[PDB]
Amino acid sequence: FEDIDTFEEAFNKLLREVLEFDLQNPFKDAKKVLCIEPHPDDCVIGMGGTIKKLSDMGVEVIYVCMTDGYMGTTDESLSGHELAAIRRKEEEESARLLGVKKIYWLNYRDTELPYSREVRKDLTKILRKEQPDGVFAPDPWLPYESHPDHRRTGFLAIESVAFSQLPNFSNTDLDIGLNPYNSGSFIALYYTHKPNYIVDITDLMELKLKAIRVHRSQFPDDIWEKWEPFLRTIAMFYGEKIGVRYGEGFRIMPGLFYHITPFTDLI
């Protein structure tokens, strides 16, 4: 590189030649992905359309759900325990619609997901057991995201993808037979303000809304009156970026760009 003349030239050579980065078809070779959600419903709301397209292409999609959804009701006669048991069933039914056959429930309490080594170890045991080719999680840099379970899921997902590759990290996994997580897998962040890869979900939008409504405890009619237009407006926001009606947006970067990189806004 010592002979390239300008930063602009170096950036393009680094991104395309050295890091081999392009977003033409980033999920192309995937056989198994994890979709990590803060609460029951986040995978389908954030990326339901893409989940169905992945299942249709013969990719095995597996959820990891960080919390139980215990707090998500204003009904005073429904305890958190009873809601959590109801929402496990809602998510099973929603997942069947999208082709998902396996969900890891971590069972942290809703509004209480910790931000700790302990939670990275839980994600790391699943990464190491399943060895996915790709991991989806919320973008923890989304502006004004006020829910701590969402920010923490996104930070702990990215951290655990990196650290789970390290054999001195949670080393008792390796002592019981698991290998470090394989290198070469992608991360794609949903619920992002800065998507650089859009999936067109226009003909899948009605199925995605149906699979969201199956979470009935969350979406009774009065709430749906505000949420349906909200969810459609979000999908148009992403779809407009590639000139289709409804889209799901993801942010994808080279691994090196998640650290010390001062020009992440160029992609």
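In this text, residue numbers run from 1 along the sequence as written.
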Query raised in the report: Between 245-253 and 20-28, which has the higher average C-alpha B-factor in the PDB entry?
Result: 20-28
Query raised in the report: Which wins on mean Cα temperature factor, 60-68 or 212-220?
Result: 212-220
Query raised in the report: Hey, out of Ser77, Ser94, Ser164, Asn168, whose CA B-factor is highest in the deposited coordinates?
Result: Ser77
Query raised in the report: C-alpha B factor of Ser185, ranked within the chain: lowest, middle or highest third?
Result: highest
Report summary line: By the entry's values, the third containing the CA B factor of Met205 is the highest
Report task. Looking at the entry's B-factor column for C-alpha atoms only, identify whether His39 ranks in the lowest, middle or highest third of its chain. Result -> lowest
Query raised in the report: Can you tell me which third, lowest, middle or highest, the CA B-factor of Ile4 falls into for its chain?
Result: highest
Report task. Name the third of the chain's ranked CA B-factors that contains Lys102, choosing lowest, middle or highest. Result -> middle
